Each structure stands twice: as structure tokens, then as C-alpha cells.
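Below: one structure, written as C-alpha cells.
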Amino acid sequence: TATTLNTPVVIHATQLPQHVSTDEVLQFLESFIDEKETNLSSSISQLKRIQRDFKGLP
Amino acid sequence: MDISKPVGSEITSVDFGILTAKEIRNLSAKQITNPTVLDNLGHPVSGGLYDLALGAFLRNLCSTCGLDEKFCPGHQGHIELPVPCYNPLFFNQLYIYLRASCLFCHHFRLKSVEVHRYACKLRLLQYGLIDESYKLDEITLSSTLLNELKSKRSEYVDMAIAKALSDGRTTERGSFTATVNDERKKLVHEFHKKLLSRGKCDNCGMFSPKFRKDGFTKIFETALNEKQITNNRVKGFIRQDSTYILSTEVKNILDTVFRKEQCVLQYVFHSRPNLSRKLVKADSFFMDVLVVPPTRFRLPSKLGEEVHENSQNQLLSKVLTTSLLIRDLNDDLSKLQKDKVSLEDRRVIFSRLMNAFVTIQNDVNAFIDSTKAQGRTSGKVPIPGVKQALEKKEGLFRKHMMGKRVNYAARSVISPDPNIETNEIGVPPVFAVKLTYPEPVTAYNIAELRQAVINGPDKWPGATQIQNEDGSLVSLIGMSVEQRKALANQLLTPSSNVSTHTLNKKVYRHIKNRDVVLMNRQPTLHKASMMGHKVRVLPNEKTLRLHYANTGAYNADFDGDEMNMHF
Amino acid sequence: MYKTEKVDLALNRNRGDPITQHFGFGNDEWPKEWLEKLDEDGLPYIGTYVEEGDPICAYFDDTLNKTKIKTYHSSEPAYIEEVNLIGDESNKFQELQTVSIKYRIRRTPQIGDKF
Amino acid sequence: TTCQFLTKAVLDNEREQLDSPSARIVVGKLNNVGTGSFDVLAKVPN
Amino acid sequence: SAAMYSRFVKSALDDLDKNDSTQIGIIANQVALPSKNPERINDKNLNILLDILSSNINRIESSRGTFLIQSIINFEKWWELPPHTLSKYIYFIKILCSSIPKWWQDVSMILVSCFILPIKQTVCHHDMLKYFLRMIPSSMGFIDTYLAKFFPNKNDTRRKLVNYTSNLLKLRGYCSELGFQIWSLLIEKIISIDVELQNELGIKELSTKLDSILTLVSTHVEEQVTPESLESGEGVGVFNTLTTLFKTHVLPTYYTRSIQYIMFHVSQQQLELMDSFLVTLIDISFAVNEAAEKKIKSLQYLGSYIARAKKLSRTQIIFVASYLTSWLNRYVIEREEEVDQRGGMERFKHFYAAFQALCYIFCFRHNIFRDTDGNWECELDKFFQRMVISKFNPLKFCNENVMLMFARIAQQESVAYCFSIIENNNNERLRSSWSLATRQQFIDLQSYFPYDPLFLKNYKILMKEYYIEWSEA
Amino acid sequence: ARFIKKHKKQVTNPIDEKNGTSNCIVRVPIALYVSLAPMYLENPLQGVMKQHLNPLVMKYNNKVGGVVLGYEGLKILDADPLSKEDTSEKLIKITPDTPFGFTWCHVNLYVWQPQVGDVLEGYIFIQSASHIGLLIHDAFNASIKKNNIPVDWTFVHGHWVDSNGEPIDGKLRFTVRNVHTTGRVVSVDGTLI
Amino acid sequence: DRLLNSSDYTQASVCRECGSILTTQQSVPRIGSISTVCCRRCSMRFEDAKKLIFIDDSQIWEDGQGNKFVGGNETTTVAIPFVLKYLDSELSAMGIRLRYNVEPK
Amino acid sequence: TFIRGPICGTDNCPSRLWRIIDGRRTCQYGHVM
Amino acid sequence: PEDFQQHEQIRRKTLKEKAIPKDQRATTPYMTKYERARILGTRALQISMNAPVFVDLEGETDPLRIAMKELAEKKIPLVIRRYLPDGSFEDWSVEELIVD
Ligand SMILES: [Zn+2]
Ligand SMILES: [Zn+2]
Ligand SMILES: [Zn+2]
Ligand SMILES: [Zn+2]
């Protein structure tokens, strides 16, 4: 479970969230997936599935 | 305290204030109503003082969090007082404002203009503006002039604070030094003296009946004197456009005065600017509920084999009985019409009510406070109330903060030794084998700590246990040499867990010559009676050995005097 | 040094009450290492070396249906010197409830002793 | 006279700024004297 | 009955829309009973209750419905239900966790805990895990921790342990992404295997335990790793994670007898697996960053491996000799000058460590280093002598028993003559200095050989094809 | 007079074109106060990533009110307020009691934040008489309860059938009723009325 | 160490919002969910909160008795001497409130 | 050293608690909590 | 929310204006006996938990001794923040302070 070693003491948004186009979501997924190549493995796997959908696939 | 459990949040200041009956009711885990504490099978009575909502008790689990007597922090509940009581802490201040009041126009009997002059000064002092508060008094150019005077003093205070904020001299949080605090305290004293110094109200010209007290918090009202009743009806046309007095009457009087005189009170009751913007209410001097502290602060005691009830519970249950009893008086009281109904019962109902109020007020006094309680059965000596527990004997500060009972460490008769260094202390193996530093295991010490763990609890220099990365301890006590050799070979295995990956194991070793302890001989009247010595373990010794060069510092004689060794 | 301790298992009983606890052993299953320190009566053999935690007394408790044991408490080991059976008056009939055990502690003179 | 000074603090709605040695011991804060009179920071490259 | 019960429940649900909640609770309590109590709801009625609840699960997704649901998830030995009824329970659970993912947490926990049960009895549990891992991939988190939580203890029954690993292997084969964490768990059991066996080298217990576990693990790996599986498969994945766990657990702790034979054995499945291991060992034993003790442990591993691993090719061996003499020749050429300078012979731990490994390798495989001519690969005749007479005086600082055996063999082969240097060495001894505070750990480290013979009955037999006993060499 | 009511779902998620769904992917800048372990003293960004950020990926986070997809542009705020935002040497204050640092950081989060009211599309993966189970973006769980499906829709043994008697399949368009976030993984409650 | 470590060192929960160390408790969760740390002062009884927008799931917690609450999730832990808790407790018996200002907010 | 009670706070027992005066409490395999 | 950001920036800015220009520093260029002890202890603590070490250990097993060694070669990556009584401060690097 959560300790000061794996969890931020506090988190705050500094701005209102800005919506992003599909073309942007794709450019971000692209680079984030590349840069990060057990929990992280199974997660980029899921991201890989999402980027697949944003390109229209299965 | 563990260097591998850091804390991110930090307390930076503490604010003093008063619990409102609304807060209490909201936070409460259970309303307590039963004087009886246990049943025939020793279980907590529901709605009683050991009710399990207030925390785990004995075997039982806490009904609020579900935790055991060990991990359950306890939770507070409340008692509902069927009738308002004066908070015994504040009764003197209540007395001052009550006496100062005009029961007719509901301002203080001190002329409004003066009261405003105090409000101006105190407000300036919230910002530390001492010079300005004297300049305020320099302001002068009958009721039309006065409001212009009030007004121009007011615009001076604003201008001064504005100016003070623009340059360096203050923040919106105020400025509070000793010289400021001194000026503030004088003014409040001066103000209170002037409040009580008035007879006739300077504002409406009427006389209010005088109020008198007890040392047991009862308030009497002395009816009006002859000249004064005459004076009062002469002013009768302008207004057209002894006895015990209940705490409820007193509260109503102050409630209104606090509304009217709110401006001044806003600064009398705040040494800093009141950013919170909360009104100053009369309720603050009264209690409609009592907070029942958590069960873990009210446990029974065992005097050897016999078990004794908790004294704070004995006091709280007396509040509880009186409470039920008043809730019954209140029940029969409503079953009047007496639209029919013959008057005199009015006198007897009052008699019973006075009785209830007095004795609950006594029980509260006794707790804050046994002082405020009527001495029992002439003898016995009073039982301490909460006030006396916090203040009793030498007190929490002296008995548990200045000084403490301590845990790791040792004590022994000292013996002289010319053969150790003047900065060492000769430690007997009997100590050396039981005292451990918690040593964190690293590349640089894995050899050493392996050996310690192999050596075990009883061969010096050894070890008594291992702390794992998940904080858990493993005892080396019951163990064979092989089991120990096994644990010694897994001291430095990698992490199989991301959450503890930053930690290493710890070995609770015996201490050695590399080490430093703190030596102490009492009385400790200067710092050299508590110094750091380098450890030197000496075979076959049963006492602490100390070089002569240190007697001076410790004032030690070697006549069977003892020292403490702290690790 | 000699210390005398009084073991009196009539300490709880409410005055001339039925007797729950009697010196001796029950027939339930209990350690057996106990007989190293204690004779058949549940009293310790005279002369026995006794260190912290050892039995100095054994009785059978009725309310527990178990055989229990008063243990030696000093951190300084000792030997049993005298064991006195303090019988009761008020004409016999009453069984053993009170015992005095006198411990003997060796003092070869130590560091810190005063002369 | 603990309860007297406490009563005074409450009626002033005082804030304990926690600067005195006594106050810091009360709340468990590192003392303002001594090796505590400055902060330490690490110079990190890259 | 049949239709009476259909009414009873249908009523209960109406009564639940009204919040009376009694009828349901009566039912729930009836299903919650233990596998033993005769009064627990029987199959036929349960068939009914289930098929009715499945048909409109939304009727139950309420605070009032919680208790009923909890009682069905907690149905004892459900995997033990009769075919037809078992099927209705499964369909219900399927239906439940689909419309309400929240309960998947509760269902899977119980599932994992059933991993202590034999393979034949778990099909339904895996079928369900496979299903919901797919549809709720986010679950992998907490369900992984379950893998931790419910691992049988070392004390617990062997059948429990052997089962709970059999299942984890099965799980691995349909939820790859958990694959590493799994292998990490088994290995970290790892430490218990290290516990079992070295000290002993009850004990009869740990033997057959640790023996049943390893033989399992390795046979599953023999199947998981195969050339077909290596080009297009997850064979690669398994080797990787087993090699990683070797570098992080086996090597350091580095006094294990159970356990390093997993790598000994997988290694020798295919030529490249061997290649990867050798070069991996070489890396660790000569990397500039690593701590000297790590370099010394690797070098022991390296030497033990080359000596023992039967499936090694002449040239892979000569490869290691060629690396060692090469690295050694350089050491002496660049460093001998530092000996008569200030410091001790410990400055050269690493030199002796490597020279040991090479000597050791020569003991077991000297018959190979003679090429067709009868000449020595790597000029071993000329090379050994040079080191033996160097200023490092290896013979004095390396393991005593190996240096002795090397002497014997080397002398026999006209390769080198050390025996006078030895004489001189323990003469100078009776009458080149190293503390001994730290000199012992080295003697300790040089005494351990991670692939000296195994003492576990079965594993031994299994290893024979992959092992060279001293008698063989 | 009192506003805890600043935990009210303000998504707003816009409807799309050329399309009909709501775009719920959003980029939010955050500040976060985190610990830095001593092992990372030479790699502080690496350490902030491995300790704090990586574990946030593909989990719901209560503060950004959605699932965190990932992060860009991590920056440590130097405890030395006098340095240039440029320099690669920074100060991190060390705990009095422990060797751990604590620093503020700025980073950018990409968040999938489906609020109530939004229109999403899911891939049908399961059909009982009790609910329809969908997968949004082939990643997040959705579920339409039996009585959020319109009344004239019927069921068979199984698979659903609509208002006009034809079976439904694959992509389905629904509106967000509630978003459950406290379980192991996020789950969306959707409606068709 | 002596006050610090011997003394009665204790990691304790505070509500960052009301500044109390006496009104926090562990939530009691449904099976499968994880317990969280909540403030009894700063949270509404569930009924009363409905009676005044949609309410998120993470914002509800329950005690052992069974009452549901909305809010009160602004808690952390601070290191205090245990005897502080006793003093604060006694003070609240006397109707007095200590309010600890915690940072970071 | 026995008291049987309090099983063991380690889910690979539960093996069987004796308390030492130092308050570690010790279970046979050798958890000290 | 936008303005708390602003509030923080103001706090942090004024703190630095206390924490001051390098070239306007005015306190002793000598490391104080207090600063030395804490620097040693704290750096020793970090060493005990696998901080990258900037010097050759040469057999040392006491992390305090390792720190002392680092101090001697001026390889301790710590900075002392000295507070003047108004709360403003001067940052001094361990390497730049004269040690004795
Ligand atoms: Zn509790
Ligand atoms: Zn008046
Ligand atoms: Zn709160
Ligand atoms: Zn255990």
C-alpha cells in the first residue's frame, strides 16, 4: 500500500485541464510509449491498445 | 522514530479556541447517557462510558474503526447537558461583562464614544501600531459632535493600517511583540476597569440591578434601590418609540449585549486580526454538551491484583445521572397546562430546578475542578478533577517532558581505571551483549553484520534481531546456528517489492569499540555531567570503568555512586 | 542474605469460604520439569537452587481445572532454606493454605560493596 | 499555572507561532537553537 | 418444491424492491452454510436461485442486495458442485462481475487462494481468471498481490507448495504480462531454496520439498524454452527473466546450493543460451564498475561452469580460456611493476580470482586443450609458468586445494612446474603480505564452487546429461 | 455561505464532429510534492519518475478526476530561488530525521476524465439478461444495467435485441450515468435513456 | 531521541482542514475495498448531504456502526509526541479546541 | 517457550507465539514482531 | 486556484530575497563547528543508504569516516542554508566554506 516512498504527499492542478485533439493524443502516446521501452510493462501494454483504437483497428 | 519512515507534513503553528456544541455533536462517535458502566458479564453497557464506539476496550474491538486495543486511537463522544452550564474556566470574564451590561439599552453602560475609542486602539494594536494608538487619543476638533468624532477616529485607524501595510511595518496577519502585547494588556485592563466603574448607563441613563456571585458559580440579582427606581421612571417617557438568576437568563442578556457591542468585542477577544471573520458569541462562556474523551484515556487501574474504576468516569457518571433526572423534571414540567392549574407547584418546580442546576454546576466546578466543589463529608479529602490531574503533583510538563523514564541504556556502579583513555568508558560485556544499535546493512558492513547474526543474542559481539524491509522483526533468540547462518546469508538480497525498494534490512547488533555512548551522573547541574565517551568493552568486568580525569566533570567519588550509560 | 516470602492462597477467598486451591498436583497434564524443583506436596525441596522463572510452588485450582504454579521473581538466584507450613487455628479441619519460604542468597563481596 | 495561561490564550484566540524552546518540545518540533540554525542542501549535477 | 421455490425467490425479490430484505437474507443465510451442514441449500433449489438471479442481475445491485451476493461468492467448495449446477454458478459469477466489476476483486482472491489445490481441480478457476483478466486488464494489479499473499509457507505441506507453483506456471501461460512478477515470486522462493540445502550440506524434508519444486520448475522451463519458441515465442522472455533473477538473487547470496542449477540447466538447452550465459558471466566478472566481491563470485561461477557443463563445445571452452589468458597476460604486462611498490598483495585479488578460474578450468578440461598436433591451445605450457613465477605468486594466494591439484596435473602434462614454488611458499610461512581481516573472506569466496555436485536425489539424475562428475574428467 | 461544493463534476467535456461522442482526453498541468530516495541523488528526475509518476500510469487518480494516461515535461523546482530555471544543478531540502529529500515538481498529465453526462462509444464484449458489458477505447470497463436499457428492448438465449427486433453488436453509443473509481480498475455506468 | 524517540514519538493523523488530531479515524470499507483516513468533523452525514450536481464515489466513507459520510478526506500524518494527544483530549473535555496548522496545504 | 495463543502474525505459520520479556513476541520459525 | 499559484510564487520569491544574492553575502566565510558536525552526520546518513560516494573507501566501514574523507577532499554535495533572524537566508556550499 501507499507510503511516502511511492505516493506524492500532495497533488494540485495548476490550471484548468485543456482538451486535446486526436492528432495530439496520438503524438503523445507515440513518444511516451517509445521513451518507456512489471506494473509499467502491463501499463504500456494497455496504452498500446488505446493508441491502436485511436488509429481505428480491432 | 525510524529513519526509514519519513514524514512529509509538518505542523507550523497552533491556534487556541473554543469547541462549539454544533462541532461536538457532528464529530461525536456516540452520545453517552447511561451512568452504569458494565453489566453482570463485564461487558460495556451500551450508551455508557465504555461504549465501544469510543474505542476498543479490553478484548473487544472498536465499533467505530474496527481496530483492536492496540491500533485503535480512540474516538470522542459527548454528553448532552439538559440545561446550559457556565464553563468554569471563563466564569470570571462572564461576570465582568454581565456586570458591565445595561439591562435596558443592551450596550455596555460605558458611553459608546469611549467604548469606540478602545475599539480603535486595540484594533491598531493588532497591527503593532503602538505610536498610532497614542495619536488616536490626540483626536478632538453632546450627540451630534460625538458621531463625527467617532467617525474621524475611525478614518484615522483605517488610514494608519493602510499606510502601515503599504510600507514594511505590518501584514494582514498582524504584528505581535512583547511591547505590543504589554500595551494591549494594559488597555484591556483599563477598559474592564472603566466598564465596571459606571453606575447609571451613560447611554440611556437608566439603572440596572446589580449582580453578585458565589465562589461556586451562582449569580444573584439585587433588585433596585429607591432613588434609582425614581430615576428610572423619570426616563420612562424617553423610552417610547435578591434572587438566584438562571444561567439561561444570564445567557440571554449577554447574547444581546454581544450583538450590540460586537465591534469592541471583536478586538477585545482577538490579539491578531480576525481573518476567519467569526462573530464573538456569548455561547463561548457556556456548555450545552460535554466531550467524553476516548476510552483509552479513561481506563481502569490495577493496584496489584484488585481493579479500581477510573476517577474521571466516576465524575462523568454523576453528570449522567443528574442529566437523566433533569430530563424527567422537564417531562413533568410540560405536563402542566397549568392553564387550570394551581399556582404553587410553580414554587416547588423551581425548587427542584435550582437544586439540579446547583449540583451539576458543582460537579463541573469540582472537575475544573475540585476547587469549585463543595467540600465532601468534611474529611475524606477531595478527589482530583481534571484540572488537578493536569496541574497535580509536579505536572505533565515537569514529570513527563522535562524529565522522563527512558528505555535503552544502562546503569551501574562506577570503578576507577587508569588504563582506559580519558575519553573512553569501560563497558561490561553484560551490557555489550544486550545493547544494540539498529545497524542498517550495506556493502561496507555486510561482513561484520553477517558475523553478528551468526554469533546470536548471547555471544558478544552478536545481535538479537533483524528488521526486514517491510518493517517486521525476526527474533534470533530461539534459533540454532544453522537457522542464523541462513538469515545471515539473506541480509543483502535485492528488493522483491517496489514499495520497500529504497530500504535495507537492519541488524540489532551488540555495541562495540567503534561506538559512542552518553555517560551521566546525577545531579546533572552543568553540561559536563553528561558527556560522550568512546566505548571500550572489557572482559570479565561487572561495573563501568572510568578514568580519574573525569571525576571533576561528573563530580564522581567512586564511593558506590552510579552512572547511566545511554546508547 | 536471607529473604522470607509468604505464599498464602487464601488471599482471594471471601472469609471461611469453600477452598478452591490446594497445594499439590492435579491429574491433568502439566510440565513434569516442575518436579525438578517441587516435591509431591507442591512445596519445593529444601536446598534447591532456584533462579528467576522457576517454580517455587504448585497448587491445583478448582475453578480452572488446572494445576498452576507460583514462580520465583528475583533476578538474583537463591537456594531454599526453610519451608514452613503455617497451619491454622480455629480447631484443625482446615487444610494447608499458608506457607513461608525462606531463600538464601550468596554474597561473595562484589564491586560496589562498602567497607 | 497551566490553566490560567491557557484560559488567557483561548480568550485571545492566540496563535502559538512555535518559536520558543518550550513550545517546540510540546509539539515535537526540532529546536531553533544549534545545528538546527541553518538548512542543508545538496548540490546535484545534471 | 421445484416451482414453489421459484415462487419463494420471486417473492423475495419483490419483497426486496420493498426493502423488507427478510426473505432474501433467509435465502442468503441458507447458501452461506458450510459444505458440511446438511441444511445448506441443495443443488436443485440452488440451480433455481442462480438462474433467476442471472436473468436480471440489476435487481440485486443495491445495498440490500450486497449480503446475498457476498454469500454466493463465499459458497464453500463451489468448484466441487455437480456439473450442471457448477455451470450455473459459473454463469452467475460471469454475469455478476460483468455488470458490476467491483466484485471481481472478491472473486479472484478466493480463486488465487485455491491455487493450493491440484491442477485437475483448478480448470474452472483458471478459466475464470483468463476470462476476467482479459475483460478487466486493470485487475492484474491487486490479483498480482494475491499471488504473493497466498503463497504457501515453507513449513506448509509440500503438496500445497508444489501445487501453488504448478498453477502459477499455468497462469503464466495465458497472462504473460504478469510473467515477470510471477518468475520473481518463484525465484524469491529462491531464498527458501537457498535455505533448504546448503546448511544441511527434518532436513530430509526440505530435500524432497526443494527437490519436487526444482524438478517441476525446470521441466516447465524445458518446455517453455525451445528453438521454435525462441524465434517467435516467449522462450526468450523466460530466459531473460531467469537470467535477471540470477544476477539479482542467486549470484550475490552467492552461497546457494539449491538453486543456481536452474541456470546451469536451461543454459545447456541450446548453443546460444550457453553463449549468452558465458558472456554474461564474463561481463559480471570483469566489469569496471562492479564491486570486487561480485567480480570474484562471478569468476568462481565462470570457472565452475566451464568445468562442469557437459553440453559445452570445445570452442566455447577455448573461448573462455582465450579470454582468461588474454586478460591475464595483460594484467602481468601492465601491473607486475606495482608489486614491489607500496600496498599489499590484496591489491590483486582480482588477478588471483581469474587465475584460479583458469586453473580450475584446466583441471577439468586439460585433455581438450591439446590440438591435433599435441600442442597446447593458448600456449598453456609457456603461459602457466609465466604466471606461476611472476611476482604475484598466484600459488600462494589462491585456493590451496585447487593450486595443489593444478600442480599435480600441470606437472603431469609437462605444462608447468609449481611444486618448488609451493615448497618455498609454506617454508616462508613457517619461519607478499595481506591483512587477514579481509584475507579470510577471500579464502572463503575461493572455496565455494556453485556447481560442485548436487545432493538432491532426483535433480541429480535429471542433471546427469548436463553434468561432468570429477570421476568423468 | 460555505463551499465544499467545489467537488462538483465540471465535465465540461465537449461533443465532437465529424462525430458524435465526447472527447474526454485532457492535458492538465500539476504540481506535486514528492520524496526523493538517497539512491537517486545523482538521478533526481529518474527517481521522481520511478518512485511517483510511473505508478500513476493507467490508474484512476482522485485529484485530476480521471485515469492518468501518462506525463510530459517533468521539472524540479529548485529550493534555491536564486538560480535560473536553466541550470542542471538544483537544491533539494533533506528531512531533519531521515536521508530523504522532498521537492516540489511540475509535470503535465494526460487524463481520461469521463464526467457524468458525456457520450461515449464502447465495444460490446458480454451480454446477460442483467447488463451489457462494453470496452471503451478497448481499455476501460463500461456497463449498462438491465433497467437503463429502454423498455421495449428484449433479451434472448445470450444476446440483446432492440426496438426494431434486430440484434445489437460491436460499437454501441451510451451516455455516462456514474463513474465508479474506487475498485481495482475504473468502471463506467452507462445509460440508454 | 529522548523526547524524540524514547519519549513517546508517534505518527498520528491530522485533518489538514480543521487542524485536529482527535477527529480522524480509519474508514470501514466494504470487503475488497481499502480503508482510508477520514475526519469526523469535516464530513456530512450522508442523508444531510443528499438534501443539498452529483456525488462522487471516492467521497463517501462509512464507519463500523454503518453510517455513511460525505467528505473529510483532507488528512495526513505528522510526527508528534503522544502526550500531545492526551493534552488535546483533556482540553476538549474543558471545551477547548487546539487547531494545528499543517503544511503543505 | 510457550504460550499457544495468538497463532502467528505470519501467513506461512501460524506458529506458535511465546512472548519474551523484551516484547518481541516470537513464533517458532522465527518471526519477531 | 490560479491565485494560490500566485500566492506560492510570492512566498517563494520573498523567501529567496531573504535567501539572497551570492555576491551580497555577509556572514562568516568559515564553516562553523555546528555546520561541520551536521554536514558530517547527514552526509553519513546518506552514505548509509547508498548515496553515490565520491571518494575511495580504502576499506572503511564507518559511514561517518567516509563522510569525513569526503569532507577532506571537498566532495560533499551539500549546501548550508544560514538563516538570519528575520528569516532571510544565505546559501553556502560546503566546498566553498573554509573548514577548520
Ligand atoms: Zn477506533
Ligand atoms: Zn443603557
Ligand atoms: Zn477535519
Ligand atoms: Zn510465523
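All residue numbers here begin at 1 and follow the chain in the order shown.
Determination method: electron microscopy, 7.7 Å.
Each Cβ is built from the backbone N, Cα and C atoms, and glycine gets one as well.
Database features (Swiss-Prot):
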- B:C62, B:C65, B:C72, B:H75: Zn(2+) 1 binding site (BINDING)
- B:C102, B:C105, B:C201, B:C204: Zn(2+) 2 binding site (BINDING)
- B:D557, B:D559, B:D561: Mg(2+) binding site (BINDING)
For this session: Quick one: pull the CA-CA distance for B:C105 (Zn(2+) 2 binding site) versus B:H75 (Zn(2+) 1 binding site), whole Å only.
Result: 45
Problem set entry | Shortest C-alpha distance to B:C201 (Zn(2+) 2 binding site) - which of the binding-site residues B:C72, B:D557, B:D559, B:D561 | B:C72
Problem set entry | Among B:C65, B:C105, the one of these binding-site residues whose Cβ has the fewest neighbouring Cβ atoms within 10 Å | B:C105
For this session: Measure from the CA atom of B:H75 (Zn(2+) 1 binding site) to the CA atom of B:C102 (Zn(2+) 2 binding site) and give the result in Å, rounded to a whole number.
Result: 43
Exercise. Taking the binding-site residues B:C72, B:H75, B:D559, B:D561, which residues show a Cβ-atom distance to ligand 2 below 6 Å?
Worked result: none
Seminar exercise, completed: Of the binding-site residues B:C204, B:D557, B:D559, B:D561, the one whose Cα sits nearest to the Cα of B:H75 (Zn(2+) 1 binding site) is B:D561
Seminar exercise, completed: Smallest Cα-Cα separation from B:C72 (Zn(2+) 1 binding site) among the binding-site residues B:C204, B:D557, B:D559, B:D561 is shown by B:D561
Seminar exercise, completed: Of B:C201, B:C204, B:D557, B:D561, the binding-site residues whose C-beta sits under 6 angstroms from any atom of ligand 1 are none
Problem set entry | Listed binding-site residues (B:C62, B:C65, B:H75, B:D557, B:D559, B:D561) that sit near chain G [CB under 8 A] | B:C62, B:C65, B:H75
Seminar exercise, completed: If you measure between the CA atoms of B:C204 (Zn(2+) 2 binding site) and B:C65 (Zn(2+) 1 binding site) and round to the nearest Å, you get 58
Seminar exercise, completed: By the 10 Å Cβ-neighbour count, the most surrounded of the binding-site residues B:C62, B:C72, B:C102, B:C201 is B:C62
Exercise. Can you tell me how far the Cα of B:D561 (Mg(2+) binding site) sits from the Cα of B:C62 (Zn(2+) 1 binding site), in Å?
Worked result: 49
Exercise. Hey, for the Zn(2+) 2 site built from B:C102, B:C105, B:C201, B:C204, who else sits with CB inside 8 A of the CB center?
Worked result: B:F104, B:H106, B:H107, B:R109, B:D202, B:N203, B:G205, B:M206, B:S208
Exercise. Between B:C65 (Zn(2+) 1 binding site) and B:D557 (Mg(2+) binding site), how far is it from one CA atom to the other, in Å?
Worked result: 57
Seminar exercise, completed: For B:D557 (Mg(2+) binding site) and B:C62 (Zn(2+) 1 binding site), the CA-to-CA distance in whole Å is 55
Seminar exercise, completed: Quick note, B:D559 (Mg(2+) binding site) and B:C62 (Zn(2+) 1 binding site): C-alpha atoms separated, nearest Å, by 54
Problem set entry | 8 Å Cβ shell about B:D557, B:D559, B:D561 centroid, Mg(2+) site members excluded | B:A556, B:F558, B:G560
Problem set entry | Greatest C-beta neighbour count within 10 angstroms, which of the binding-site residues B:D557, B:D559, B:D561 | B:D561
Seminar exercise, completed: Neighbouring CB atoms within 10 angstroms of the CB of B:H75 (Zn(2+) 1 binding site), all protein chains considered, total 28
